[PDB]
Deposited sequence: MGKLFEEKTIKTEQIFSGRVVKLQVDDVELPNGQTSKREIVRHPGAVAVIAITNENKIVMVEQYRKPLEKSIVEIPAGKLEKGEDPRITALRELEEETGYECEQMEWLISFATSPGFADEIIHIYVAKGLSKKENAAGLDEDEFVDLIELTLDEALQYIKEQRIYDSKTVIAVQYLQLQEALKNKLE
């Protein structure tokens, strides 16, 4: 199956999002329009400290008019190795380097209108040189993370997926 694009019109090309409207072919000589937000993709990192705490960051997210606590993440460059990006992002956002960085899972965030894909990696064996402004570093135990979910301090799909992942590692 497919909805072939017969014509595209570019609406907006920004620093984060690009928006286009596709005219598409539907069955029985039917036509429609599809609104499509294009986004480069992101890599996010599940990093566990020596104290067995999860590394997260708090920052304001304007679309939500709220600050939330998230696993560290950053944009993925076109044709850039996601693992390389995950290592830089972790270091840049939290100061940690790691000995191990392994892909876990990829998924679309809002497939109804966006092509954005998140690649989650798991980082192990952390170290930090104790050498921004609007990002708070936060380290949480598993039980604290679940409390943050109850309070909706944790409140986005990639971080919920990370917490449930860690819950799973525990139940086994």
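- Gaps between the deposited sequence and the modelled structure occur at positions 1 to 4, 136 to 141, 183 to 187.
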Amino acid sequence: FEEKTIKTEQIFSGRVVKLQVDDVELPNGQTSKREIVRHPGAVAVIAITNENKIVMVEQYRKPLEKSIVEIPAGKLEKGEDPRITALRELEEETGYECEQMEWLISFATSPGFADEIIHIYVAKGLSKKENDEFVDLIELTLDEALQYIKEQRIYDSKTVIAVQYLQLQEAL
From here on, numbers count along this sequence of modelled residues.
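- Stretches 22 to 30 and 63 to 71 differ in mean CA B factor, with 22 to 30 having the higher one.
- The mean C-alpha temperature factor is higher for 7 to 15 when 7 to 15 and 158 to 166 are set side by side.
- When the C-alpha B factors of 113, 107, 134, 121 are read from the deposited coordinates, the top value falls at 134.
- Among the modelled residues of its chain, residue 147 has a C-alpha B-factor that falls in the lowest third, as given in the PDB entry.
- Sorting the modelled residues of the chain by their CA temperature factor places residue 139 in the middle third.
- Sort the modelled residues of the chain by CA B factor and residue 51 lands in the highest third.
- Residue 130 sits in the highest third of its chain by CA B factor, as recorded in the PDB entry.
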